[PDB]
Amino acid sequence: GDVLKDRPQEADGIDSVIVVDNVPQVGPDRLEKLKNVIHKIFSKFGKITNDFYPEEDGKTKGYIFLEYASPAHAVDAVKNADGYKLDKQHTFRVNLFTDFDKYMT
């Protein structure tokens, strides 16, 4: 049942977007700088073409989106640093827009 010779990759389709799970929480009017901190850290992956910081349920954001046109930045990220714990809850899980579950069969 396992396909071992043909190894599947985590990347497929749109691999130019980072999906980041549980980012810096909000303290009163402190999320403002925690917007910028993203771009400051994420510049290491390449050039931030698009960065979208949304909220969650009208509350503290628990995810963001990064789109680059860079060297295969998401590919680098997903392979090297997915789910890296900073402190308390901040653990940036990384993946691409392969959010779909269905497998081609």
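If you check the header, you'll see the entry was determined by solution NMR.

With antiparallel pairing, the five strands of this open sheet are ordered in space as β2-β3-β1-β5-β4. A single partner strand is all that each edge strand has here, and the edge strands are β2 (48-52) and β4 (84-85). Direction of pairing for β2 relative to strand β3 (residues 63-68): antiparallel, over a ladder of four bridges. Within β3, the residue paired with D51 across the bridge is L66. Of the strands in this sheet, β1 (17-21), β2, β3 and β4 touch helix α1 (residues 33-42), which is tilted by about 40° from β3. The strands touched by helix α2 (residues 73-80) within the sheet are β1, β3 and β5 (91-95), with β1 carrying the most contacts at an inclination of about 35°.

For soluble globular proteins, nonpolar side chains are generally found buried alongside one another. In this structure, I18, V20, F42, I64, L66 and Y68 are the most contacted members of the largest nonpolar core, which totals 15 residues. Contributions of two or more residues to this core are made by β1, α1, β3, α2 and β5. For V20, the contacting residues outside a window of four places in its chain are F42, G62, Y63, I64, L66, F92 and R93.

Right, let's get into the pairing of β1. In this sheet, β3 lies alongside β1 in antiparallel orientation, the contact comprising five bridges. The partner of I18 across the bridge, within β3, is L66. As defined by bridge partners, β1 adjoins β5 across three bridges and the pair is classed as antiparallel. Of the residues in β5, the one forming a bridge with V20 is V94.

Conventions adopted
Residues numbered from 1 in each chain as written, not as in the entry; some residues may be left out. Heavy atoms only, no water. Pairing = 2+ DSSP bridges. Helix = DSSP H or I, 4+ residues; strand = E, 2+ residues; numbered from the N terminus. Contact = heavy atoms within 4.5 Å. Axes fitted to C-alpha atoms, helices over the stretch in contact; angles between N-to-C directions. Core = buried A, V, L, I, M, F, W, Y, C linked by side-chain atoms within 4.5 Å. Buried < 20%, exposed > 50% of the residue type's maximum accessible area, 1.4 Å probe, protein only.

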